[PDB]
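I have a structure I would like to understand better, so I am pasting it below and will then ask my questions one at a time.
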Amino acid sequence: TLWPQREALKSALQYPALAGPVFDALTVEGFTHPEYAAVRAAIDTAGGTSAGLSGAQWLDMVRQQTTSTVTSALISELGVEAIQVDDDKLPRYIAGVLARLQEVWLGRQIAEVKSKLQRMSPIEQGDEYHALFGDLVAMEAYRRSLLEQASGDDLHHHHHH
Amino acid sequence: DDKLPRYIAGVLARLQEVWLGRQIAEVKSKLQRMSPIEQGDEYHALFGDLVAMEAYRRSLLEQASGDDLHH
């Protein structure tokens with residue numbers, strides 16, 4: 001997910017209102033690339049997209065959360081680097097790159113819950129089984145929905161159908 | 001490059017910036033022929049180096065200007 005990690009950061013930095021609560025729900029651990037995780041953390045600390053800041057003010061606020069010259073320069077870089085997609089397609093593009101990341105993370109949680117359920121019986125473990133299976137249904141259903149959403153990222157200028 | 005007179009250090013920065021601008025164009029062209037959806041990891045990798053080149057080029061432009069006493 002390295003490409004959508006970079007695009008997700010650019011989206012949060014340039015269009016925090018579009019990036020929105022999904023972005024803010026993305027975990028730092030899901031940013032496998034260490035310099036990207038450090039930018040993700042700085043954005044979280046700066047208040048996330050909900051801080052309702054944008055533009056130069058937002059970028060400064062994020063840079064204020066880091067003492068790394070490398071992280072600081074990367075915030076500036078990702079704050080101005082073009083997201084290469086048509087303006088009308090930007091909201092679905094942003095949702096799409098965030099969905100890529102979420103999907104991957106949900107996959108891990110789904111696998112974990114399934115491994116727990118395989119050790120349990122729906123008869124002997126009654127209510128507990130219902131509770132954990134209900135958790136699985138919620139993620140599996142959402143994962144399926146994201147797989148459809150993740151399609152907004154196909155609108156990238158360098159992707160051709 | 002401190003053991004060089006400024007005008008020589010400057011021409012070498014100028015040489016580098018000109019060449020790198022052309023290489024940056026080469027790399028951008030390559031990226032235009034690759035999908036970040038079908039080849040996300042390769043595309044990201046190459047894009048990362050494009051961006052590093054661009055940043056170094058900007059720094060060489062500033063060094064050449066400084067060393068060559070541009071106004």
Side-chain angles (χ1 to χ4, degrees), chain A residues 1-11 13 30-32 34-39 69-86 89-90 92-101 103-104 146-161, chain B residues 1 3-4 6-70:
Chain A
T1 53
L2 289 168
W3 187 248
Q5 288 173 48
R6 189 183 185 84
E7 294 293 85
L9 295 178
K10 294 161 58 176
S11 298
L13 290 167
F31 282 85
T32 64
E35 290 315 312
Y36 291 163
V39 177
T69 58
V70 171
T71 302
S72 181
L74 182 57
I75 286 159
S76 296
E77 173 179 300
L78 299 180
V80 306
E81 174 176 288
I83 300 171
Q84 301 187 251
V85 68
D86 298 343
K89 296 180 185 65
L90 181 67
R92 286 189 44 82
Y93 177 83
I94 294 174
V97 306
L98 302 185
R100 292 293 189 202
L101 303 178
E103 279 148 22
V104 169
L146 298 159
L147 285 166
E148 307 311 303
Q149 209 167 144
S151 83
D153 70 351
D154 297 331
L155 285 155
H156 193 277
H157 283 170
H158 293 164
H159 185 60
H160 307 283
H161 286 127
Chain B
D1 83 15
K3 284 165 190 86
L4 276 179
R6 69 186 312 169
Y7 47 91
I8 301 172
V11 77
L12 295 173
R14 167 70 166 161
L15 172 67
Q16 291 169 264
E17 68 97 340
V18 175
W19 184 90
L20 253 193
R22 175 58 176 79
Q23 177 59 23
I24 281 162
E26 177 79 29
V27 167
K28 287 184 186 171
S29 300
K30 293 180 74 67
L31 286 158
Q32 285 162 1
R33 298 181 181 217
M34 308 169 46
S35 163
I37 299 291
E38 271 139 19
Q39 299 154 284
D41 284 346
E42 285 173 71
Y43 186 104
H44 178 267
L46 178 57
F47 192 96
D49 279 12
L50 163 66
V51 168
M53 293 177 182
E54 290 175 322
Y56 198 75
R57 185 169 176 266
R58 282 195 287 273
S59 79
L60 287 169
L61 285 168
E62 286 168 8
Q63 194 203 328
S65 168
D67 285 347
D68 283 310
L69 313 160
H70 286 177

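Just so it is clear, the values below take in all heavy atoms, side chains as well, and ignore hydrogens, waters and symmetry mates. In what follows, chains carry the letters A, B, and so on, assigned in the order in which the sequence lines appear, proteins first and then strands, with residues in each chain numbered from 1.
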*How long is the gap from CG on A:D154 to CD on B:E38, to the nearest 0.5 Å?*
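Going from the CG atom of A:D154 to the CD atom of B:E38 covers 8.0 Å.
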
_Quick check on A:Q84 against chain B: is it the side chain, the backbone, both or neither that has a heavy atom closer than 4.5 Å?_
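A:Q84 touches chain B through side-chain heavy atoms alone.
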
*May I ask you to check whether over 12 heavy atoms, not counting those of B:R14, lie within 6.0 Å of atom CZ?*
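No, the 6.0 Å shell around CZ holds no more than 12 heavy atoms from other groups.
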
*Give, for atom CD of A:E81 and atom CZ of B:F47, the distance between the pair rounded to the nearest 0.5 Å.*
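Answer rounded to 0.5 Å: 3.5 Å.
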
*asked:* Restricting to non-hydrogen atoms, name the atom on B:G40 and the atom on A:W3 that form the minimum distance, rounded to 0.1 Å.
replied: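 Scanning both residues completely, I find the closest heavy atoms to be O-CB, 3.9 Å.
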
*Please determine which of A:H158, A:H156, A:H159, A:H161 meets the side chain to side chain contact (heavy atoms under 4.5 Å, CB included) test together with B:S35.*
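That would be A:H159.
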
*asked:* Let me confirm one number: the NE2-CD1 distance from A:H160 to B:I37, rounded to the nearest 0.5 Å.
replied: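 Between A:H160 NE2 and B:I37 CD1, I get 11.5 Å after rounding to 0.5 Å.
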
*Measure the spacing between NE2 of B:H44 and OH of A:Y36 and express it to the nearest 0.5 Å.*
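Here the interatomic distance stands at 2.5 Å.
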
